[PDB]
Each structure stands twice: as C-alpha cells, then as structure tokens.
Amino acid sequence: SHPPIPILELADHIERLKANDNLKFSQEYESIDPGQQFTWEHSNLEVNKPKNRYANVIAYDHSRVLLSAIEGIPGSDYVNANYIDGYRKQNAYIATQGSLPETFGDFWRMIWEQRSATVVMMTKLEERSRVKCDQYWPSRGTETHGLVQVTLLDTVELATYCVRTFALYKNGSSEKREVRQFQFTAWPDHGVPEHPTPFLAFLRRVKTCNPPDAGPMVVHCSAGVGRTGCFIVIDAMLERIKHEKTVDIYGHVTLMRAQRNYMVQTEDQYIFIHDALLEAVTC
C-alpha cells in the first residue's frame with residue numbers, strides 16, 4: 001500500500017501529499033510503524049540513566065552500539081547510540097545523541113572501537129539560548145577523554161558548516177587514528193531549512209570525504225533522532241536514486257524506526273526529506 005516512487009513521478013506524489021494542508025502527508029507520516037517489539041533494558045539501568053541526554057530518548061537493545069566492557073565497571077559497555085542501515089548497506093551509520101560531559105570519554109572510545117572515520121554533527125552547540133550539545137572536542141591542541149587523547153589538527157570554517165580534523169591515540173596502543181567532524185551550522189533555530197540547497201551541498205562534501213573502507217559514519221544532533229534521521233534518510237535515498245531511479249522514503253523510515261526510537265521526529269522533518277530529494281532530482 002506504499003510502493004516505491006519513480007523519480008519522474010516524485011513531484012506529483014509530493015503535490016498529492018501536500019494537498020489540503022498536508023492532509024495525505026500527515027496521514028502517511030503517522031501510519032509509520034516497524035511492527036516489532038523492542039527492549040531497552042540497558043538504557044534504563046541505574047548506572048546508565050545519567051548517560052542519556054533525554055531520558056525519553058533511549059537505545060533499543062538489539063541495535064545498540066556496544067563499547068567493550070571495562071573490568072570492574074558495571075555499565076561500561078553502554079552508549080546511547082544505535083546502528084542504522086543505509087541503502088543496501090548494513091549498519092552504515094551510528095545515530096547517537098550529542099554527548100554529555102559525563103560521556104565525552106565513551107563517545108571517543110566508541111569512535112575508536114568502531115573504527116569510524118567521519119562524525120556528522122547536525123547542530124550548533126547552542127541555539128536560541130539552549131544547549132543542544134556539549135563541546136566534546138578541543139578548541140585547540142590536545143585533550144584527554146577517558147582513555148583517548150584527541151588532538152585538533154585543522155579547522156576549515158565556511159558559511160554553512162565547519163570541518164575539523166582530529167588525531168586520536170589510545171592508552172596502551174601505538175596506533176594513530178584520523179577523524180573528521182563535519183558540523184552543519186545552518187539548520188534554523190525553529191523548524192526545518194527554508195531551502196534544501198545548503199544541506200544538500202553539505203552532504204556532498206561529507207560523502208566525498210568518507211573513505212570507502214572505514215567503520216560506520218557517526219551522525220549526531222541533540223537526541224540523535226530528528227536532524228540525524230533527516231541526514232541519514234536523505235543520504236540513503238540519494239544512493240537509491242543513483243542505483244534504481246526510485247525513492248521509498250516511507251519504507252526506509254519504517255526500517256530506521258526498527259533500529260532507533262523516533263527516527264525522523266517531526267512531520268516537518270518528513271516533509272523536508274521529500275523537498276530535499278525533489279530538489280536533488282530536479283538537478
């Protein structure tokens with residue numbers, strides 16, 4: 001009852017969903033249901049509760065990213081983070097919350113252990129005088145986070161985003177790992193971008209810099225479900241268009257909801273994903 005949409009029909013499809021003040025859009029969006037039961041026992045452990053930015057945004061057990069256990073430290077395997085599939089890609093992303101002072105250590109250890117090369121930050125640190133994320137990286141020089149030393153190497157500031165490159169070393173190892181962070185800075189304080197154009201450009205830039213041989217790309221916003229979900233669905237759907245000349249946004253969001261609660265958290269985000277993708281096809 002929700003088939004894929006050929007790219008040449010996308011405009012008409014969206015038109016229909018927009019009709020009568022987004023009537024059909026809102027009907028489609030609210031129908032999304034993975035049809036499964038989940039558990040989130042780890043997220044609810046007394047020791048792990050302070051590790052959640054939002055107590056109501058948890059990590060399903062079956063898809064959660066595990067940290068290796070630290071001997072004698074209960075709860076040491078936990079991070080509020082889940083693997084998310086891409087288009088014909090298994091566990092291609094990690095969707096996670098903006099890290100907390102108490103979890104900066106866990107966040108970098110996850111980066112290290114998961115062999116990730118790329119972090120996508122979908123938010124400013126503060127917007128509308130509210131903290132969306134805490135600064136988990138050094139403004140300059142080197143910073144130690146739990147077991148990992150992180151050194152800022154390079155910063156490129158543009159109008160709509162920044163790119164920071166880091167060097168990581170781990171306590172006990174001699175490896176150097178390189179990580180870049182792409183921070184999109186042009187998402188509005190309220191609602192979704194007026195135009196998809198800057199976001200799409202940001203995404204191309206990210207995709208040209210993620211090595212084909214790395215672990216999952218880390219994507220994060222505040223709770224790791226709204227703007228995170230948008231990044232992930234748009235990226236996957238673009239790869240789908242390249243391969244198949246169809247979109248199935250509905251089917252993919254249903255799939256992502258089986259991996260992490262609330263992925264694509266608002267109807268307006270759902271609509272923006274359609275808008276961004278239509279712009280990309282009419283290009």
# chains A, B, ... in the order shown; residues from 1 in each chain; ligands from 1

call {"tool": "select_by_dssp", "arguments": {"residues": "segment 89-139 of chain A", "states": "strand (DSSP E)", "output": "ChimeraX atom specification"}}
result
/A:89-96,118-121,126-127,130-131

call {"tool": "select_by_dssp", "arguments": {"residues": "segment 35-255 of chain A", "states": "alpha helix (DSSP H)", "output": "number ranges by chain"}}
result
A: 104-113, 197-209, 227-244, 249-255

call {"tool": "write_last_selection", "arguments": {"atoms": "N, CA and C atoms", "output": "tab-separated table (two decimals), in the first residue's frame"}}
result
chain	number	residue	atom	x	y	z
A	104	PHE	N	31.77	12.18	27.23
A	104	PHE	CA	32.79	12.52	26.22
A	104	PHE	C	33.75	11.32	26.06
A	105	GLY	N	34.17	10.73	27.18
A	105	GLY	CA	35.09	9.58	27.17
A	105	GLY	C	34.52	8.42	26.35
A	106	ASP	N	33.28	8.03	26.69
A	106	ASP	CA	32.56	6.98	25.97
A	106	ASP	C	32.39	7.27	24.48
A	107	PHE	N	32.14	8.54	24.13
A	107	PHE	CA	31.92	8.94	22.75
A	107	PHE	C	33.19	8.71	21.90
A	108	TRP	N	34.32	9.17	22.40
A	108	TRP	CA	35.59	8.97	21.68
A	108	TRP	C	36.03	7.50	21.65
A	109	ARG	N	35.76	6.78	22.72
A	109	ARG	CA	36.09	5.36	22.75
A	109	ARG	C	35.26	4.56	21.74
A	110	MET	N	34.01	4.97	21.54
A	110	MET	CA	33.15	4.41	20.52
A	110	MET	C	33.73	4.70	19.13
A	111	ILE	N	34.09	5.96	18.88
A	111	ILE	CA	34.77	6.33	17.63
A	111	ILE	C	35.97	5.43	17.37
A	112	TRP	N	36.79	5.24	18.39
A	112	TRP	CA	37.98	4.42	18.26
A	112	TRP	C	37.64	2.98	17.97
A	113	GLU	N	36.85	2.39	18.87
A	113	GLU	CA	36.49	0.98	18.79
A	113	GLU	C	35.69	0.63	17.54
A	197	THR	N	18.93	23.55	-0.29
A	197	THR	CA	20.14	23.72	-1.10
A	197	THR	C	21.46	23.65	-0.32
A	198	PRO	N	21.58	24.41	0.78
A	198	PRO	CA	22.80	24.33	1.58
A	198	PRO	C	23.02	22.94	2.24
A	199	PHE	N	21.95	22.30	2.69
A	199	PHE	CA	22.12	21.00	3.31
A	199	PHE	C	22.66	19.98	2.30
A	200	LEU	N	22.05	19.95	1.11
A	200	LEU	CA	22.48	19.04	0.04
A	200	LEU	C	23.95	19.22	-0.31
A	201	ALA	N	24.41	20.47	-0.29
A	201	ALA	CA	25.79	20.75	-0.60
A	201	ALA	C	26.67	20.23	0.51
A	202	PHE	N	26.22	20.38	1.75
A	202	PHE	CA	26.94	19.90	2.92
A	202	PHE	C	27.13	18.39	2.78
A	203	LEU	N	26.04	17.71	2.43
A	203	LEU	CA	26.04	16.27	2.31
A	203	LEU	C	27.00	15.75	1.22
A	204	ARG	N	27.07	16.45	0.08
A	204	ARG	CA	28.02	16.07	-0.97
A	204	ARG	C	29.41	16.15	-0.42
A	205	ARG	N	29.70	17.24	0.28
A	205	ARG	CA	31.02	17.42	0.85
A	205	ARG	C	31.39	16.24	1.80
A	206	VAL	N	30.47	15.90	2.71
A	206	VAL	CA	30.67	14.75	3.61
A	206	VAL	C	30.96	13.48	2.81
A	207	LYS	N	30.15	13.21	1.79
A	207	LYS	CA	30.26	11.96	1.05
A	207	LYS	C	31.55	11.83	0.24
A	208	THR	N	32.15	12.96	-0.14
A	208	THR	CA	33.40	12.90	-0.89
A	208	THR	C	34.57	12.66	0.06
A	209	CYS	N	34.35	12.90	1.35
A	209	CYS	CA	35.42	12.70	2.33
A	209	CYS	C	35.31	11.50	3.25
A	227	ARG	N	17.17	15.69	13.33
A	227	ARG	CA	18.04	16.11	12.22
A	227	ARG	C	18.95	14.94	11.80
A	228	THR	N	19.33	14.10	12.77
A	228	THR	CA	20.09	12.86	12.47
A	228	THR	C	19.35	11.96	11.46
A	229	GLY	N	18.06	11.76	11.69
A	229	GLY	CA	17.23	10.92	10.86
A	229	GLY	C	17.14	11.49	9.45
A	230	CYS	N	17.06	12.81	9.37
A	230	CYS	CA	16.98	13.51	8.09
A	230	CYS	C	18.28	13.31	7.29
A	231	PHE	N	19.43	13.49	7.93
A	231	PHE	CA	20.70	13.28	7.26
A	231	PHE	C	20.73	11.88	6.68
A	232	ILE	N	20.43	10.90	7.54
A	232	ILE	CA	20.55	9.50	7.18
A	232	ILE	C	19.60	9.10	6.07
A	233	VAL	N	18.35	9.54	6.14
A	233	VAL	CA	17.38	9.13	5.11
A	233	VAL	C	17.70	9.76	3.77
A	234	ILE	N	18.10	11.04	3.79
A	234	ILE	CA	18.42	11.74	2.54
A	234	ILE	C	19.65	11.11	1.87
A	235	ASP	N	20.70	10.86	2.64
A	235	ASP	CA	21.87	10.18	2.11
A	235	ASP	C	21.51	8.83	1.47
A	236	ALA	N	20.71	8.03	2.16
A	236	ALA	CA	20.40	6.69	1.67
A	236	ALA	C	19.55	6.77	0.39
A	237	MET	N	18.62	7.71	0.38
A	237	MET	CA	17.68	7.82	-0.72
A	237	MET	C	18.34	8.33	-1.98
A	238	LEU	N	19.37	9.16	-1.81
A	238	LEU	CA	20.18	9.66	-2.92
A	238	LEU	C	20.94	8.50	-3.58
A	239	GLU	N	21.47	7.59	-2.76
A	239	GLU	CA	22.16	6.40	-3.26
A	239	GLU	C	21.14	5.49	-3.96
A	240	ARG	N	19.92	5.43	-3.44
A	240	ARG	CA	18.84	4.67	-4.06
A	240	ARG	C	18.49	5.23	-5.44
A	241	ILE	N	18.39	6.54	-5.53
A	241	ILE	CA	18.11	7.19	-6.83
A	241	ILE	C	19.23	6.89	-7.85
A	242	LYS	N	20.47	6.92	-7.40
A	242	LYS	CA	21.63	6.63	-8.26
A	242	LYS	C	21.58	5.20	-8.82
A	243	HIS	N	21.06	4.28	-8.01
A	243	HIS	CA	21.05	2.87	-8.37
A	243	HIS	C	19.78	2.42	-9.09
A	244	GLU	N	18.63	2.97	-8.72
A	244	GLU	CA	17.34	2.38	-9.03
A	244	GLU	C	16.34	3.31	-9.70
A	249	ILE	N	10.98	6.56	0.61
A	249	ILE	CA	11.17	7.27	1.88
A	249	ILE	C	10.34	6.63	2.99
A	250	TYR	N	9.08	6.33	2.70
A	250	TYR	CA	8.21	5.68	3.67
A	250	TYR	C	8.82	4.37	4.19
A	251	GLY	N	9.23	3.50	3.26
A	251	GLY	CA	9.79	2.21	3.61
A	251	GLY	C	11.09	2.31	4.40
A	252	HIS	N	11.95	3.25	4.03
A	252	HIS	CA	13.18	3.45	4.77
A	252	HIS	C	12.99	3.99	6.20
A	253	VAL	N	12.06	4.91	6.38
A	253	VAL	CA	11.81	5.46	7.72
A	253	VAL	C	11.26	4.37	8.61
A	254	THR	N	10.35	3.54	8.07
A	254	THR	CA	9.85	2.37	8.79
A	254	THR	C	11.01	1.49	9.24
A	255	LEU	N	11.99	1.30	8.35
A	255	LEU	CA	13.15	0.46	8.67
A	255	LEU	C	13.99	1.11	9.75

call {"tool": "atom_distance", "arguments": {"atom1": "atom CA of residue 18 of chain A", "atom2": "atom CA of residue 261 of chain A"}}
result
25.7 Å

call {"tool": "residues_around", "arguments": {"residues": "segment 153-158 of chain A", "least_positions_apart": "6", "cutoff": "8 Å", "atoms": "only C-alpha atoms", "output": "ChimeraX atom specification"}}
result
/A:141,164-167

call {"tool": "residues_around", "arguments": {"residues": "residue 246 of chain A", "least_positions_apart": "3", "cutoff": "6 Å", "atoms": "only C-alpha atoms", "output": "PyMOL selection string"}}
result
chain A and resi 5-7+241

call {"tool": "closest_atom_pairs", "arguments": {"of": "segment 58-136 of chain A", "to": "segment 44-49 of chain A", "cutoff": "10 Å", "atoms": "only C-alpha atoms", "output": "tab-separated table"}}
result
residue	atom	partner	partner_atom	distance
A:58	CA	A:44	CA	8.1
A:59	CA	A:44	CA	9.4
A:73	CA	A:47	CA	9.8
A:74	CA	A:47	CA	7.4
A:75	CA	A:47	CA	6.0
A:76	CA	A:48	CA	8.7
A:77	CA	A:48	CA	9.6
A:78	CA	A:48	CA	7.0
A:79	CA	A:48	CA	8.3
A:80	CA	A:48	CA	8.9

call {"tool": "write_last_selection", "arguments": {"atoms": "N, CA and C atoms", "output": "compact mmCIF listing (two decimals), in the first residue's frame"}}
result
# COMPACT_ATOMS: atom_id res chain seq x y z
N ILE A 58 15.86 6.68 24.16
CA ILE A 58 16.70 5.56 24.58
C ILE A 58 17.26 4.78 23.38
N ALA A 59 18.11 3.80 23.65
CA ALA A 59 18.71 2.94 22.61
C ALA A 59 18.15 1.52 22.70
N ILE A 73 33.84 -2.23 36.13
CA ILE A 73 32.97 -1.06 36.00
C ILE A 73 31.63 -1.45 35.36
N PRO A 74 30.60 -1.67 36.21
CA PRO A 74 29.29 -2.00 35.66
C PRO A 74 28.76 -0.88 34.76
N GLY A 75 28.04 -1.25 33.70
CA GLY A 75 27.52 -0.29 32.76
C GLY A 75 28.53 0.25 31.75
N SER A 76 29.80 -0.14 31.87
CA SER A 76 30.86 0.36 30.95
C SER A 76 30.67 0.03 29.46
N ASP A 77 29.79 -0.92 29.12
CA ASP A 77 29.51 -1.19 27.69
C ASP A 77 28.53 -0.23 27.00
N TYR A 78 27.95 0.69 27.76
CA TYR A 78 26.79 1.43 27.29
C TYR A 78 27.12 2.78 26.70
N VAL A 79 26.54 3.04 25.53
CA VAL A 79 26.46 4.38 24.94
C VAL A 79 25.05 4.55 24.31
N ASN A 80 24.44 5.74 24.45
CA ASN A 80 23.14 5.98 23.82
C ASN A 80 23.31 6.19 22.32

call {"tool": "closest_atom_pairs", "arguments": {"of": "segment 43-139 of chain A", "to": "segment 179-193 of chain A", "cutoff": "8 Å", "atoms": "only C-alpha atoms", "output": "JSON lines"}}
result
{"residue": "A:116", "atom": "CA", "partner": "A:179", "partner_atom": "CA", "distance": 7.3}
{"residue": "A:117", "atom": "CA", "partner": "A:179", "partner_atom": "CA", "distance": 4.7}
{"residue": "A:118", "atom": "CA", "partner": "A:180", "partner_atom": "CA", "distance": 5.1}
{"residue": "A:119", "atom": "CA", "partner": "A:181", "partner_atom": "CA", "distance": 4.6}
{"residue": "A:120", "atom": "CA", "partner": "A:182", "partner_atom": "CA", "distance": 4.8}
{"residue": "A:121", "atom": "CA", "partner": "A:183", "partner_atom": "CA", "distance": 4.5}
{"residue": "A:122", "atom": "CA", "partner": "A:184", "partner_atom": "CA", "distance": 5.2}
{"residue": "A:123", "atom": "CA", "partner": "A:185", "partner_atom": "CA", "distance": 6.0}
{"residue": "A:124", "atom": "CA", "partner": "A:185", "partner_atom": "CA", "distance": 5.6}
{"residue": "A:127", "atom": "CA", "partner": "A:189", "partner_atom": "CA", "distance": 5.8}
{"residue": "A:128", "atom": "CA", "partner": "A:189", "partner_atom": "CA", "distance": 6.1}

call {"tool": "residues_around", "arguments": {"residues": "segment 87-101 of chain A", "least_positions_apart": "5", "cutoff": "7 Å", "atoms": "only C-alpha atoms", "output": "PyMOL selection string"}}
result
chain A and resi 53+80-82+107+133-134+136+216-224+228+236+239-240

call {"tool": "residues_around", "arguments": {"residues": "segment 28-30 of chain A", "least_positions_apart": "3", "cutoff": "10 Å", "atoms": "only C-alpha atoms", "output": "list in words"}}
result
residues 2, 17, 22, 23, 24, 25, 33, 250, 253, 254, 264, 266, 267, 268, 270 and 271 of chain A

call {"tool": "atom_distance", "arguments": {"atom1": "atom CA of residue 247 of chain A", "atom2": "atom CA of residue 27 of chain A"}}
result
18.4 Å

call {"tool": "residues_around", "arguments": {"residues": "residue 37 of chain A", "least_positions_apart": "2", "cutoff": "10 Å", "atoms": "only C-alpha atoms", "output": "short mmCIF file (atom, residue, chain, number, x, y, z; two decimals) with N, CA, C and O atoms, in the first residue's frame"}}
result
data_model
loop_
_atom_site.label_atom_id
_atom_site.label_comp_id
_atom_site.auth_asym_id
_atom_site.auth_seq_id
_atom_site.Cartn_x
_atom_site.Cartn_y
_atom_site.Cartn_z
N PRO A 34 7.14 0.10 12.52
CA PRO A 34 8.02 -1.03 12.26
C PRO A 34 7.36 -2.37 12.52
O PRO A 34 7.82 -3.39 12.02
N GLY A 35 6.30 -2.37 13.32
CA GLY A 35 5.58 -3.60 13.61
C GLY A 35 6.31 -4.62 14.47
O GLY A 35 6.00 -5.81 14.42
N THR A 39 13.25 -3.94 23.35
CA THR A 39 13.56 -3.79 24.75
C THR A 39 14.62 -2.69 24.82
O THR A 39 15.26 -2.37 23.81
N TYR A 60 17.44 1.07 21.66
CA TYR A 60 16.94 -0.30 21.65
C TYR A 60 18.09 -1.28 21.78
O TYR A 60 19.13 -1.13 21.08
N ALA A 258 12.77 0.74 13.30
CA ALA A 258 13.06 -0.55 13.94
C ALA A 258 14.44 -0.55 14.59
O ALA A 258 14.77 -1.46 15.37
#
